[PDB]
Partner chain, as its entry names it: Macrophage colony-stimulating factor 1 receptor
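Coming up is one lone chain in structure tokens, specifically the form deposited without the partner chain.
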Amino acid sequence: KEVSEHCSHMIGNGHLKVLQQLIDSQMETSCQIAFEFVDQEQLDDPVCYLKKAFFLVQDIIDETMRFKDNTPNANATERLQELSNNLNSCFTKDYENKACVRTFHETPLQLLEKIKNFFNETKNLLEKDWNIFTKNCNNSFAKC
């Protein structure tokens, strides 16, 4: 059914810039961190891909993007943490729950890229059709 129309403009360019500045400041290291994310090999559908990613992105924002309190980046994460909560109103639940997901071991920088790409693709789609993520993904998911 219908969802909030606000979802159409939930994600602004201010959110993506804040996200890039955050990325830019990060130091390139060999150290890899472990995190759960969507396995593309088993889930291609662009809509259902982002639909499944949104919930993993949320966890990552809360439980991995840690910055020293009151720093410019910490504030970025504040804004992103809030944005993520508002977006709950734009993603309907699908019947499953741990399939389509794999363990990723990659650089913190390569991770912050995935989050970026998510908020970007998600932004575009929502502009085009702010009911897009009400899609039924039971099958797409089940094909994993």
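Residue numbers count along the first chain shown, from 1.
As for the form solved in complex with the partner chain, it is not shown, yet the points below apply to it.
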*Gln42, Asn117, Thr92, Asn85: which sits within 4.5 Å of the partner chain in the deposited bound form by any heavy atom?*
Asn85
*Are all three of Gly12, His15 and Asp59 close to the partner chain in the deposited bound form, meaning a heavy atom of each within 4.5 Å?*
yes
_Is it the case that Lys143, even though its partner is missing from this view, gets within 4.5 Å of the partner chain in the deposited bound form, heavy atoms only?_
no
*Taking heavy atoms only, is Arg79 within 4.5 angstroms of the partner chain in the deposited bound form?*
yes
